[PDB]
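Chains as they are written, first to last, in the entry's author numbering: chain O, 299 to 348; chain A, 202 to 247. All C-beta atoms in this analysis are idealised placements derived from N, C-alpha and C, irrespective of residue type, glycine included. Working notes, structure below.
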Amino acid sequence: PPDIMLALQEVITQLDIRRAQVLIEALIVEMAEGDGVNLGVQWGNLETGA
Amino acid sequence: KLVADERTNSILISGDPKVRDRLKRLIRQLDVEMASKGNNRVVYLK
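Shown next, in the form of structure tokens:
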């Protein structure tokens, strides 16, 4: 109907705006640093299991 | 008494030329603005 029409037209004109758009730049920084020291002296005498 | 057509959207009348005076008065009385009911709105969420 002509009102419902004039109405739908005023709804469509306000929903029909351009959409802005986002450039989502994520920035994942995985920075890992490991430091091990093994130092250990092993004596052994297999003639007599020591 | 009273008629109209919504092909034309026109008041028809049956009766007096007094009914013609006063009901041309009411021909004119409710013709005006539709007062922009804004029955519906579209609110843009912030």
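With a Cβ-Cβ cutoff of 8 Å, do residue 200 of chain A and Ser215 of chain A count as a contact? The displayed coordinates of chain A run from 202 to 247. Any statement about residue 200 of chain A would go beyond what the structure contains.
Are any of the Cβ atoms in chain A nearer than 8 Å to that of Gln312 of chain O? As a first step, residue 312 of chain O is located in the first sequence; it is residue number 14 there, counting from the start. Closer than 8 Å to some Cβ of chain A, the Cβ of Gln312 of chain O qualifies, so yes.
Q.
Quick check on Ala305 of chain O: does DSSP put it in helix, strand or coil?
A. On the first sequence, position 7 is the one that residue 305 of chain O refers to. Note: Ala305 of chain O maps to helix in three-state DSSP.
Which residue marks the beginning of the beta strand (DSSP E) containing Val204 of chain A, and which one marks its end? Taking the second sequence and counting its residues from 1, the one referred to as residue 204 of chain A is at position 3. First-last of the beta strand (DSSP E) with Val204 of chain A: 203-206.
Inset, instruction - Pick helix, strand or coil for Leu213 of chain A, following the three-state DSSP scheme. - result: Within the second sequence, the letter at position 12 stands for residue 213 of chain A. Looking at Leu213 of chain A - three-state DSSP - the assignment turns out to be strand.
### Message
My output table needs one value for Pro299 of chain O: the three-state DSSP class, helix, strand or coil.
### Response
What you label residue 299 of chain O is simply residue 1 of the first sequence in a count that begins at 1. Correct three-state label for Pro299 of chain O: coil.
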